[PDB]
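Let me begin by presenting the structure, written as structure tokens, before commenting on it.
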Amino acid sequence: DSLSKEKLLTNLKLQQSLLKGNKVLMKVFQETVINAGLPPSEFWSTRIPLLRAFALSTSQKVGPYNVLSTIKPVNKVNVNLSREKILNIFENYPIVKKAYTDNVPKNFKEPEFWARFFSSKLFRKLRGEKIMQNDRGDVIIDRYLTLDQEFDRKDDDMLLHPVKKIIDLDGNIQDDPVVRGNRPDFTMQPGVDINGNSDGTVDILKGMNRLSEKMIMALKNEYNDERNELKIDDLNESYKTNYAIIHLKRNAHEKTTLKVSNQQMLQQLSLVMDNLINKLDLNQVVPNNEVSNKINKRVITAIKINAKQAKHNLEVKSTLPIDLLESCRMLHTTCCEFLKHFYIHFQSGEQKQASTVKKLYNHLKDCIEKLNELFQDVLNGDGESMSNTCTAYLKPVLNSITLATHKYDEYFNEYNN
Amino acid sequence: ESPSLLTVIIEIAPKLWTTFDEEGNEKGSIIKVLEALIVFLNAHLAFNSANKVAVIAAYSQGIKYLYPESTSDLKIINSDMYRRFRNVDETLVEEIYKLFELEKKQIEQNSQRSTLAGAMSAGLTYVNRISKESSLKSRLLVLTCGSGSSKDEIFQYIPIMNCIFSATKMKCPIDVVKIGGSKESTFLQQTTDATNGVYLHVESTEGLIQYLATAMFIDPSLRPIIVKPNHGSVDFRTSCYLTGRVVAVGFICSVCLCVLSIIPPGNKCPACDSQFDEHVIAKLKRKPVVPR
Amino acid sequence: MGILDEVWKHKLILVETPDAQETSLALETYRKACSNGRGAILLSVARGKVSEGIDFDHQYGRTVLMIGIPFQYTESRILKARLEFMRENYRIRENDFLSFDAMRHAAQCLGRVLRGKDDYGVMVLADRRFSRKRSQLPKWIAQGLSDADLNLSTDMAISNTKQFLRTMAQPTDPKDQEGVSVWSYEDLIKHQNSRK
Amino acid sequence: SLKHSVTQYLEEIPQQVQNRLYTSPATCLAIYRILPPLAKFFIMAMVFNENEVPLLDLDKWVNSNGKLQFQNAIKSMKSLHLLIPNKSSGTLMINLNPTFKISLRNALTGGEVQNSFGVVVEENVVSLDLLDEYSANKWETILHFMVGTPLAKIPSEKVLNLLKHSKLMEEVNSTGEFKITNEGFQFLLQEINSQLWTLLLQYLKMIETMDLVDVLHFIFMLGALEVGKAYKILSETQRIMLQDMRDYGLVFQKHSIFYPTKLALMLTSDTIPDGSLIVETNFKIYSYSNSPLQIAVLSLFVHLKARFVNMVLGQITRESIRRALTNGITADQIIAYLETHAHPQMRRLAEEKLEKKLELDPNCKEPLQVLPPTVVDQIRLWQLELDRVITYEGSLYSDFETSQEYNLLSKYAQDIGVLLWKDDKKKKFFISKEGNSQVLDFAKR
Amino acid sequence: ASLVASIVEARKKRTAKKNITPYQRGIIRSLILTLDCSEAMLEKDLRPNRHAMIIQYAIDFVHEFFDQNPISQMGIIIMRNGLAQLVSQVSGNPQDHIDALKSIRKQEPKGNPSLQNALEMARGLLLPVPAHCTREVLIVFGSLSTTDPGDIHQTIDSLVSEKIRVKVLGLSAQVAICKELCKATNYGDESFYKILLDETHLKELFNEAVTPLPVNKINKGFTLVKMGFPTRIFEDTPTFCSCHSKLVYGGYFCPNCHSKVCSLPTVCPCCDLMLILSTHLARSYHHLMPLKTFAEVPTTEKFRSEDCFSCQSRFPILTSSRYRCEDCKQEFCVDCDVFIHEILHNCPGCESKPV
Ligand SMILES: [Zn+2]
Ligand SMILES: [Zn+2]
Ligand SMILES: [Zn+2]
Ligand SMILES: [Zn+2]
Ligand SMILES: [Zn+2]
């Protein structure tokens with residue numbers, strides 16, 4: 167289905183779809199392929215989960231439901251039609267879909283059609299309403315009555331299937347074919363009208379049963414056992430988890446990249477217990493104001509250093543021209559994209575990736591030179607008034623990029639040389 | 021604003037104190053520290069009228085609820114001083130002498146484990162107790181003698197991390213005072229940085245009064261309007277399990293989650309015995325493929 | 557009234573057809589509907605063809621709406637002659653025998669809920685006249701029938717049913733039934749020795 | 005404004021008199037207790053080194069987020085003459101008061117205190133049985149005397165004269181009776197240390213030379231004192249006003268050994335609840351509190367029914383409301399009592415309604431009153447319906463010409479506090495008849 | 096007579112927690128909470144309505160899950176009007192999903208549920224997920240039925256085949272299909288289809304769902320994983336970030352490819368490698384090192400001590425409230441027992457006792 171990497175890369179229409187959904191994706195994609203000419207497959211190669219998420223979001227569909235039961239008759247009536255529910259009616263009733271498609275594009279209008287439909291007795295029959303000759307219906311819609319009837323016959327023919335004997339009431343009533351007793355009660359048998367004909371409640375009940383069967387066979391779509418069926422689980426062994434416990438052997442390496465004696469510590473301990481029982485003065489704790497002054501110097505130096513650390517506690539406010547700010551952000555963004563793709567190629571590790579690595583290396587070099595030329599532009603645009611800040615802002619991505627270039631050169635010298 | 025529940029843990033150990041005073045010459049430096057802390061608690065309980073103080077000492081064999089007295106009479110200090118200050122100071126010097134006499138009594142047995150983490154945890158429980166009673173600021177103070185032999189912080193690491201997480205839940209900064217030869221104590225520095233605590237290491241026992249009076253006075257009533265004075269920064273990295281060196285980029289077990297700077301021998305976990313996948317580790321060992 | 561349209565929005569509705577074959581397809585539909593859990597409702601006569609050999613269990617037997625007293629048709633000369641003959645023979649009260657047959661049919665209707673002890677279900681009696689018939693009712697059936705349950709309305713019926721569902725939605729410790737309801741082989745041995 | 009009032013009074017105290025106050029460690033300890041946290045930190049830092057600092061070092065240390073609070077602290081520090089900031093070497097060279105510095109240092113070290121913490125006898129006894137009981141007795145007598153419910157034990161003649169002179173609980177000589185002023189009800193609303201501090205501020209204001219600094223230092227050490235011990239009877245002015253505050257019931261003196272009760276501790280610092339009242343739309347009182355003092359003060363503004371163990375019941379009548387109003391007692395004072403006597407369940411319900419109305423609309427189109435207006439605004443509507451007018455009496459200048467008399471001499475009159483009313487467009491503004499100090503002088507220009 | 100009822104209730108409670116095991120439990124998690132916002136949750140039957148409380152509880156669940164297990168990504172898909180709507184991709188930042196849920200606050204829950212569509216697109220979202228990550232879904236449900244387009248059993252089979260588990264927190268009562276889902280997905284276990292009894296029980300259930308789950312021995316995936324600790328810088332100059340492309344004063348630096356990021360624990364956007372701190376991995380060590388229960392000593396026997404070992408308070412006196429750590433042979437009070445067993449994760453008695 168539409169789930170492989172190849173399928174997701176193939177769906178150019180879906181790619182354009184979420185493209186048109188976003189705006190920064192036009193920005194990024196335009197710079198990536200329109201401006202830089204990157205292979206758009208490798209563009210989308212990162213965004214594969216996003217593509218699949220968009221596809222699966224677009225791909226779901228609802229389940230069937232009794233749309234005619236949700237239809238209410240609502245003096246006068248005003249049509250308040252919902253197109254999704256109109257198509258729901260179409261899908262649930264292909265007869266109604268057919269009656270739409272041979273009349274509205276031929277004879278009259280859609281709201282006129284639906285007014286005729288709500289007027290029609292075919293609507294009442296398809297809904298849970300007993301048909302009545304007092305009702306006149308709509309003649310145009312009610313011409314489809316026998317067509318819907320033979321649809322019902324064909325659908326019932328499709329719905330017929332053999333039954334399991336374990337639950338077969340037909341086999342149950344065919345237990346004794348020579349039962350000769352008495353005629354059962356009118357009360358518990360299906361009653362009829364005065365002239366022997368039925369009222370049709372059996373028809374409406376078999377119709378709603380047909381609706382149920384249609385729903386369950388819609389469930390039963392494309393998208413022996415009695416031994417298991419008759420198991421009595423209540424007298425069986427309880428399930429126990431096979432979860433594995435874990436122990437932990439403990440032997441850690443010592444931290445890598462004079463010794464005191466009991467006599468000496470005991471001597472000092474005796475002496476300091478003597479001093480402890482001897483004396484203790486709070487007033488002697490006051491310092492000499494000179495080594496204390498050096499303490500003041502050290503403390504104040506620490507305060508100054510950490511205060512300058514705290515002095516640099536939406537992005538930050540900047541005094542850049544807004545266009546050059548956007549341009550440099552754009553260049554940073556596409557350089558980051560190039561760098562990520564180059565790392566994807568490099569950490570892949572194949573000889574098939576070699577020309578890709580070389581070409582992305584060329585693109586990184588081009589981005590470097592374009593960064594330098596941008597630096598020349600902000601040079602002769604500022605006289606290095608804040609072109610220094612421009613260079614420093616674009617610095618770290620450039621450092622990482624050129625570090626990657628050095629890594630590529632080093633591995634080239636490692637393998638080839 | 022509110023009474024700040026003061027939490028002070030003093031790590032007392034003759035193995036450290038003897039080492040420090042033999043390395044230097046300031047005998048009674050621990051006494052100087054105790055007097056300085058006496059003035060510190062005086063300054064704190066004079067800063068606020070109810071900012072109650074929890075004082076606990078961890079000796080070599082365990083810990084002790086110093087302040088206050090247990091739930092179950107000489108005066109060295111002066112009679113002219115304040116009533117509450119005098120009561121607390123007399124109680125603490127009595128408790129300190131009792132603990133030191135006990136330490137002299139049972140000196141000769143050996144326990145090589147630091148009790149700092151357990152003391153910190155018990156103090157945090159008491160912080161929960163006090164805060165649950167009756171709104172109170174939580175601020176935890178540790179005093180350590182770092183001149184002793186850094187034996188093994190490895191078993192201390194895990195409960196220290198647990199204490200960090202608990203204090204993070206409890207909004208309690210963990211402020212560290214270290215006196216020792218070693219400038220750096222990585223786990224304590226990480227503890228201060230994560231808990232928004234204060235790290236400080238010096239050597240001289242003199243001037244600690246000015247040191248921890250000036251710097252070590254930040255209360256949660258005024259924490260955001262005071263810059264922290266810490267200068268060190270920590271990478272929050274750990275040494276490897278089988279080589280014992282810190283790693284920047286490496287490997288961890290999917291089960292035990294211990295850092296592996298290299299491939300374990302036998303491709304099995306050195307912590308929880310999980311045998312791994314040879315194709316996985318070969319892909320990890322893969323060199324990049326470069327054109328000729 | 558269109559009440560069935562409202563009923564459509566929650567479960568399917570299945571009606572006992574006079575055709576046993578269509579009824580079989582209908583019960584298969586109900587079976588599959590409770591299998592997928594979208595939910596369905598069966599409509600069958602108390603003496604109807606479903607009631608004489610089909611059981612319902614653990615999703616099929618969950619709640620039953622028995623409708624009134626299933627009395628037979630009153631004005632049968634055949635029934636009256638039966639009543640006269642059986643009264644002449646064994647001195648049988650006629651109305652009492654009618655109530656007997658009605659309650660026995662009701663019991664046959666309601667007996668198809670509890671397959672195993674793990675199952676659970678709720679029973680309703682939708683007639684005023686049932687209150688005098690607990691003494692008639694089978695003993696194990698009526699032992700769960702409490703005296704407060706003898707005359708209830710829709711509101712506390714709903715509340716008690718919701719609370720019953722909440723109750724049956726909970727797990728149970730095996731210790732509370734390991735020796736009183738479920739018996740091991742050793743439990744049976746111990747019981748046999750206790751009998752001895 | 006207790007610390008504000010005391011700080012204002014000490015700023016009124018001149019520099020060398022302040023420095024005399026900064027001489028003794030007990031006074032320095034009490035004043036350090038008064039200082040805000042920032043200045044407290046500053047002085048405890050600088051007190052242990054004789055290194056003066058410039059202002060620039062402190063400014064670099066100070067995070068600018070709380071710079072206003074820093075400005076308040078240093079403004080108090082300078083205006084109390086506790087600082088000596090001089091622009092030495094062009095830099096405002098910061099210097100603490102040195103007598104304050106050394107006396108704080110000695111107090112902290114436990115060094116030379118000269119028994120400023122107290123000339124001790126240390127003959128401790130039980131205080132709950134003699135000191136607390138006599139203290140509660142004398143304070144109950146003076147408290148019900150302030151209430152106005154009859155009580156035989158009249159206060160001292162010194163405090164009686166101070167009440168007669170002062171505008172607190174007016175002993176109106178035409179009536180011969182102590183009468184509840186609005187200031188008297190402010191005193192009733194006040195916290196106990198607030199009442200003590202107002203009393204001592206008034207007594208210090210009225211008392212003259216009796217050495218003022220002796221009274222100051224003695225008051226500060228008396229606040230610094232501890233409960234339940236005998237002490238030496242010192243200055244004689246201190247001793248005689250010590251006997252005065254003995255007659256107030258503050259100290260339990262056996263005519267030389269004296270035993271300070273818990274009132275010194277409360278003067279030093281503070282230490334479905336009690337004092338929590340459930341309001342009712344039917345104006346019924348469901349107090350979670352009871353005392354005969356509570357009934358005595360509730361008799362002024364509440365119609366009550368009976369007294370039970372914690373359940374004090376009653377019903378607030380408009381007769382009780384207007385009984386409060388006619389005494390000059392402010393409805394703002396009344397709601398000060400009411401909003402200090404709220405209950406947990408009803409305030410939780412009020413906060414639930416507030417959070418419900420927050421999401422609907424920010425204004426809610428409702429009057430701003432957090433306490434539930436079903437009962438609370440009924441008084442507040444009665445509060446607005448109580449005053450509901452503005453009266454101007456006396457002189458009035460009318461029919462002005464153009465706004466050079468409004469934006470130049472009446473806009474300036476906002477800065478000097480002489481007008482009672484201001485209307486530029488009416489070309490009239492009202493002043494009191496006696497408030498013509500600087501009104502008929504520049505308005506002629 | 097309330098203490099006897101409390102004692103027997105504590106006994107019946109502790110019978111479940113008698114067995115404490117050091118099972119291997121998943122750390123690299125993959126948790127999905129789908130929400131239905133239908134007509135059923137419009138019931139005000141629980142105050143104020145089911146929609147509001149599940150919103151609030153989901154806020155709490157997001158906070159707790161990210162606090163305890165920051166080494167997972169969180170995705171939320173809402174169910175509404177016969178459609179399942181993705182609102183939250185799996186991400187390391189909880190704040191994104193917090194904002195999405197805040198959007199879900201103001202909108203109106205309506206429609207009918209479709210677990211088929213919901214679980215299908217949850218499967219599709221869970222498709223590009225690495226092997227070590229434990230794919231598991233929490234599902235809240237208030238209906239007693241489910242309108243669906245097609246079969247659920249094929250979806251069940253596919254989910255079982257793709258090694259993803261589920262846990263259903265139903266509202267009203269048990270639904271047999273949900274029981275079937277929980278049983279078949281969960282190796283026959285019935286410990287996953289849970290029904291609340293009140294909002295407090297719902298709170299407890301959410302807290303239970305916070306915890307990591309044990310894994311099975313047969314579901315063996317024991318391997319290594321590449322990891323990298325980055326380094327934080329605090330620069331004077333603002334610098335462009337790689338992720339959000341904007342100027343940043345500080346930021347961590349990539350250990351491998353030396354780029355910079357804005358948040359942790361996150362994977363690299365550039366060298367594409369996961370970056371954490373040792374705190375994050377040690378955060379679950381209480382799960383890795385569980386704590387034994389503490390036993391009250393009986394009131395009849397002689398007592399080692401009469402006051403609490405840890406909090407230092409007197410033990411109250422009919423029964424004896426002295427919860428003993430047998431690993432350290434010290435008895436403790438109930439408050440300390442609660443704190444050490446839940447908040448703390450170490451026994452200070454065992455810290456003092458040398459091994
Ligand atoms: Zn491992
Ligand atoms: Zn960023
Ligand atoms: Zn990287
Ligand atoms: Zn305890
Ligand atoms: Zn233990």
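Top line first, the protein sequences correspond to chains 1, 4, 0, 2 and 6. The first sequence runs 167 to 240, 245 to 393, 413 to 446, 462 to 517, 536 to 639 under the entry's author numbering. The second sequence runs 21 to 92, 106 to 167, 171 to 328 under the entry's author numbering. Remember, the entry's author numbering sits 556 above the position in the third sequence when you count from 1. The fourth sequence runs 5 to 213, 216 to 239, 242 to 263, 267 to 282, 334 to 507 under the entry's author numbering. The fifth sequence runs 96 to 412, 422 to 459 under the entry's author numbering. Think of the CB as a built atom: it goes at the ideal place given N, C-alpha and C, for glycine as much as any other residue.
Among the candidates the options, whose CA atom is the shortest distance from the CA of residue i?
i: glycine 177 (chain 6); options: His296 (chain 6), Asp331 (chain 6), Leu196 (chain 6), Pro204 (chain 6); result: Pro204 (chain 6)
i: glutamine 575 (chain 1); options: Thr371 (chain 1), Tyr630 (chain 1), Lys515 (chain 1); result: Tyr630 (chain 1)
i: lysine 209 (chain 2); options: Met408 (chain 2), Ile17 (chain 2), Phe492 (chain 2), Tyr474 (chain 2); result: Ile17 (chain 2)
i: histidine 449 (chain 6); options: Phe436 (chain 6), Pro385 (chain 6), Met369 (chain 6), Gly283 (chain 6); result: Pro385 (chain 6)
i: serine 22 (chain 4); options: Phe67 (chain 4), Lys52 (chain 4), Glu55 (chain 4), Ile32 (chain 4); result: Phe67 (chain 4)
Can you give me the C-alpha to C-alpha distance between residue i and residue j, rounded to a whole angstrom?
i: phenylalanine 686 (chain 0); j: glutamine 664 (chain 0); result: 16 Å
i: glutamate 46 (chain 4); j: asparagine 76 (chain 2); result: 43 Å
i: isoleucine 256 (chain 1); j: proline 239 (chain 1); result: 16 Å
i: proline 256 (chain 4); j: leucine 430 (chain 2); result: 33 Å
i: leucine 420 (chain 2); j: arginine 688 (chain 0); result: 59 Å
i: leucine 422 (chain 2); j: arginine 200 (chain 6); result: 14 Å
i: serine 267 (chain 2); j: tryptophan 201 (chain 2); result: 26 Å
i: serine 269 (chain 4); j: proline 350 (chain 6); result: 16 Å
### Query
Can we say the region 210 to 220 of chain 6 touches the region 233 to 244 of chain 6, given the rule of at least three CB pairs closer than 8 Å?
yes
### Task
Could you list the residues in the region 169 to 183 of chain 6 with a C-beta less than 7 Å from some C-beta on chain 1, going in chain order?
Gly177, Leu178, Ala179, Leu181
### Task
With 9 Å as the limit, tell me which residues of the region 125 to 153 of chain 4 have their beta carbon closer than that to any beta carbon of chain 1; keep them in chain order.
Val126, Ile129, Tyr130, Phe133, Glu134, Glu136, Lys137, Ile140, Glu141
#### Entry: Quiz: which residues have CB nearer than 5 Å to ligand 5 non-hydrogen atoms
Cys429 (chain 6), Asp431 (chain 6), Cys432 (chain 6), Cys451 (chain 6), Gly453 (chain 6), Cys454 (chain 6)
### Query
Is the region 309 to 321 of chain 4 close to the region 490 to 501 of chain 1, with three or more CB pairs under 8 Å?
no
#### Entry: Validate contact between the region 20 to 38 of chain 2 and the region 218 to 236 of chain 2 using beta carbons, cut 8 Å, 3 pairs
yes
### Message
Measuring CB atoms only, is the region 135 to 146 of chain 6 touching the region 429 to 440 of chain 6, in the sense that at least three cross pairs come out at less than 8 Å?
### Response
no
### Query
Near ligand 2, which residues have their beta-carbon less than 5 Å from any of its heavy atoms, given in chain order?
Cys336 (chain 6), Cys338 (chain 6), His339 (chain 6), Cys357 (chain 6)
### Message
So if I threshold CB-CB distances at 9 Å, which residues from the region 487 to 508 of chain 1 count as touching chain 2?
### Response
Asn487, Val489, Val490, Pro491, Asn493, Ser496, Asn497, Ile499, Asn500, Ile504, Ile507, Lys508
### Query
In chain order, what residues of the region 720 to 747 of chain 0 put their CB closer than 8 Å to some CB of chain 6?
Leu721, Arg722, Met724, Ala725, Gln726, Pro727, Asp729, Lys731
### Interfacial residues, the region 306 to 339 of chain 6 to chain 1, with Cβ spacing under 7 Å
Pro309, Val310, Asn311, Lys312, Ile313, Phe329, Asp331, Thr332, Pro333, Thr334, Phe335, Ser337
### Query
According to a CB-to-CB cut-off of less than 9 Å, which residues of the region 356 to 374 of chain 1 neighbour chain 0?
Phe356, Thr357, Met358, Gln359, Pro360, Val372
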